[PDB]
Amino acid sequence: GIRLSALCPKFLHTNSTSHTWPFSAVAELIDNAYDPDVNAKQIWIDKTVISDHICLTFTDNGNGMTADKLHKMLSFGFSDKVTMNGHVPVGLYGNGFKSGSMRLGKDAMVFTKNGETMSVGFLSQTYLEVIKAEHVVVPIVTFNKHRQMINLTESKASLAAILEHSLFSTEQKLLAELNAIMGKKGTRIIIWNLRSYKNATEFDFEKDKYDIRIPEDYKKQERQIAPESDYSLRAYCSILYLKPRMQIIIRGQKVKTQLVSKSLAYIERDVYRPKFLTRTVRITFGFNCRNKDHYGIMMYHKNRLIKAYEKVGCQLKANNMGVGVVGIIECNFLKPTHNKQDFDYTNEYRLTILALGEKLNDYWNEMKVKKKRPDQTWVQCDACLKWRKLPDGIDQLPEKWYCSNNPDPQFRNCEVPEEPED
């Protein structure tokens, strides 16, 4: 007889507010793909246009979801991920898709295939405002591996809802996006109605077409000359994971993970042994040669980057000391905050910080003394003979390929003029 707690549509905006830097939101989406339940090898992050709307897409060749699983995904607080074979999931909070998408845009759509069924979910503020819902409802539609509808009562309503208020006005439009997931399994997330200032999306797609970038008016708030990670998605993704297991392809072009050994010079390894912990924690210190002024600690949690370039020890004390020193550590013990761009400011965190400085200071004192893009790929439509640009990371195409089966929305029929090469 007791009442359920309820979600206002207004909340969807609220959950977003933690993300003050857009990449944090993006990172959450990536994280969802990386995590062992999904297990995707590659995720493709793209900018495109649909129905006259600029969109952000995240597509992955991971496991996909049951229609039920999708609901949790579109619900708050549900997370059931467990480490598999040393592959530790990043996500435990149950909020990341929701906080992230919504930071990125007002409306979002999810298509997934688990190889037994295919489902579509809607999470739109615009929708919710328009029908003046008092509750967050997430429509979902489901199919049987033949383009046959099932779970009919829900789908029927949901579909009507989607068709009317969604970007995709017809089943055909829906299926295309479903179709853009090439494998038997995977998920495509489309986000539209992105945030804008003065009639321009907050993101800059123009300055570089192989990146998603934050325009200069760019320094993240904490910093005083900006490392790349702050304004280039690609640059960021390079360092996103300590030991990558997934391929991040942005704008059709692969992302090349940095390696420390290439990355750092004079490498030394140090250990952290606080009383409160039963296990040792390794650290690596190096001098940063490529950059000359990106330095500080890099803190990883569960193999993900929480914060970077965190100054410590002497570096804090004066600008003059400590330069070019870079530290890498992983703290599973610490707890990520809401946006996952920091840690809860506990005693243990403070202690950890305190140590890093001492250790880094130790390092600096000893060693002070001592001192290209890959080719694009194209496919040729077997009907019209046109050449269509393709994105990296595709293991194998089908024998015959047509403009109509293009995952890219913008070039999906052969009427469309062929793209110039660079």
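We number the residues from 1 along the sequence you see.
Asker: Between residue 223 and residue 224, count the deposited residues left without coordinates and pick a bin: none, 1 to 3, 4 to 9, 10 or more.
Answerer: In the record, 1 to 3 residues between residue 223 and residue 224 lack coordinates.
Asker: Using only the Cα atoms and their B-factors as the entry lists them, report which of 258 to 266 and 333 to 341 averages higher.
Answerer: Per the PDB record, 258 to 266.
Asker: Between 86 to 94 and 195 to 203, which has the higher average C-alpha B-factor in the PDB entry?
Answerer: It is 195 to 203 that shows the higher mean C-alpha B-factor.
Asker: If you compare 32, 380, 42, 48, which has the highest Cα B-factor in the entry?
Answerer: Spelled out: the listed residue with the top C-alpha B-factor is 380.
Asker: Specify which of 65, 356, 27, 369 carries the largest Cα B factor in the deposited PDB entry.
Answerer: It is 369.
Asker: Sort the modelled residues of this chain by their C-alpha B factor and say whether residue 77 lands in the lowest, middle or highest third.
Answerer: CA B-factor rank for residue 77: lowest third.
Asker: Ranking the modelled residues of this chain by C-alpha B-factor as given in the entry, is residue 398 in the lowest, middle or highest third?
Answerer: Ranked within chain, residue 398 CA B lands in the highest tercile.
Asker: Divide the modelled residues of the chain into thirds by Cα B-factor and specify which third, lowest, middle or highest, holds residue 8.
Answerer: According to the entry, residue 8 has a C-alpha B-factor in the chain's lowest third.
Asker: According to the PDB entry, is the CA B factor of residue 105 in the bottom, middle or top third of its chain, that is, lowest, middle or highest?
Answerer: It falls in the bottom third of the chain.
Asker: Considering only modelled residues of the same chain, in which third does the CA B-factor of residue 390 rank: lowest, middle or highest?
Answerer: For residue 390, the deposited C-alpha B-factor lands in the middle third.
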